[PDB]
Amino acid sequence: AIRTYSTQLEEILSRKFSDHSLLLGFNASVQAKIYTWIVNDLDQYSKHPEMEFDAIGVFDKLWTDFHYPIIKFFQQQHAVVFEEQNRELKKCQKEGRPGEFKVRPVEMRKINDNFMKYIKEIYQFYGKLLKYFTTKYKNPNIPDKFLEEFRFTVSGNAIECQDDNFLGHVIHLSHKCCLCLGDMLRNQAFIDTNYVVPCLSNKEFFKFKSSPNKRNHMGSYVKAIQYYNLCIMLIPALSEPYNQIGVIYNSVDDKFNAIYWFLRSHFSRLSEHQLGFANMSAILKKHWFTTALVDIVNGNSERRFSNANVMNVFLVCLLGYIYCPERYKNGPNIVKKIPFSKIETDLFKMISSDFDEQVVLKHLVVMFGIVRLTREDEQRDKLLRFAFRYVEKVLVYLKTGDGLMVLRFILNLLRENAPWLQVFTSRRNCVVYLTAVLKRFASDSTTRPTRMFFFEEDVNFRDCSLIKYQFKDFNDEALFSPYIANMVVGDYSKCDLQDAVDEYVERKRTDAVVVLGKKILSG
């Protein structure tokens, strides 16, 4: 069925002259047919053997062979007209009449208007499917925050307590819906920023040529990221949403956040392990970080990175010096006579002067991710020694600063990775600083504390293999029940804590860090 429609679609898109109405009507008919098919397939799930259940595979085929190829077709049409504008510019320039060059904003807009109609149709289609999946069946594994995000309300519908597997298929289908919405909006925003906006005026055109994108325009992707975040909320184990978030950051030249998300994609529990590493490496093999490093050290620059961005560039350059020496190692210097030790010193000062818990958390994820990916024992050991020097600087700061979330992460990283814990305890200094940090915290907790809900860091690192998919410093047994998920997404809106949430969280985090630190130090 899907193949037949795909073949008809390919015949339509290969026509030299696009009949937009034919394409839209064809899509609408295919959508209507797939909708009725999906609902019957879910309803008949009990009747036809559970391996015969195709809806997941048809959904992936619907996206890959039908909806996305139409997106790419429209994207190509935008590219053709954009290159026509380029051909005019080169012609006028060669002919000695560069001031006569005029953008032609007509016949860009008509093509984009047809694209926008298509996007609106499929946006409604996938939203309609998502509403069906999320409200037709009672699924206690769908967090309330997700329903609130869409303002779905489950009526007294069918209750498939009979089969957890059915509910798993339904939740996967909802994930795919959110993924398609994110992907469609991402492609739309990409087309708009790179083809449509540049073709609106000469006033639009030239800046794109001079500034490659200088894409501080992240707002245009906000909605796509939102949908991708919803995907991670539903099934954080799946690698694809993290990869697409990284793709967004990569497109806006935020190469560090791209790397972070590609590593998150690689380390998700059910990761395919293809996309994230390849994209991250494609960044690392390039010259962006080395060029940013030279611009930072030379001071005078339009580049003009913020302090946290400076730390990110320093971190990646220092890691590359060990992990990717062909690009980042020239004797004792990273590039252009810039010593490795100088940049390491500068970063370690910034940890004390510009300590940001989220910045440090991303630093830790990137750094220990690269450690995890390094096979060569010499490279891995050098990287680990660098990472633990960084951790030592953090612990020194934490002799006077706050940072309990970072400390929880560091301690669970050590707890869950026995080789790294062994290296940590083999370093005298690490032990001394950890002892001094913990001596500040009073705690009558001797056993792992219980808590009422997941804290921010717990939600953020769900199914991240770096900590073996969950924080284990808490006794969370009472939270891990099928018939509630609001506590696992950290939704405390139902908890009678008012303004006392922050002190409660701080106290509970302190208790957990005291217990786990003692356990680490005792060994």
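The first residue of the shown sequence is 1; numbering continues from there.
Colleague: Between 512-520 and 2-10, which has the larger average Cα B-factor in the PDB entry?
Modeller: Averaged over C-alpha atoms, the B-factors run higher in 2-10.
Colleague: Quick one: say whether 136-144 or 390-398 has the higher mean Cα B-factor in the deposited entry.
Modeller: Per the PDB entry, the higher value belongs to 136-144.
Colleague: Per the coordinate record, which of the options 384, 184, 197, 245 holds the highest CA temperature factor?
Modeller: Within the set 384, 184, 197, 245, 197 shows the top C-alpha B-factor.
Colleague: Pick out which of 416, 357, 240, 164 has the highest C-alpha B-factor in the PDB entry.
Modeller: Highest C-alpha B-factor among the listed residues goes to 164.
Colleague: Sort the modelled residues of this chain by their C-alpha B factor and say whether residue 264 lands in the lowest, middle or highest third.
Modeller: Answer is lowest: the recorded C-alpha B-factor places it there.
Colleague: Could you tell me which third, lowest, middle or highest, the C-alpha B-factor of residue 304 occupies within its chain?
Modeller: As the PDB entry reports it, the C-alpha B-factor of residue 304 lands in the highest third of its chain.
Colleague: Based on the deposited C-alpha B factors for this chain, I'd like to know if residue 110 is in the lowest, middle or highest third.
Modeller: Highest third.
Colleague: Sorting the chain's CA B-factors, does residue 498 end up in the lowest, middle or highest third?
Modeller: Highest third.
Colleague: Can you work out whether the C-alpha temperature factor of residue 486 puts it in the lowest, middle or highest third of the chain?
Modeller: Its C-alpha B-factor, which the entry lists for residue 486, ranks in the highest third among residues of this chain.
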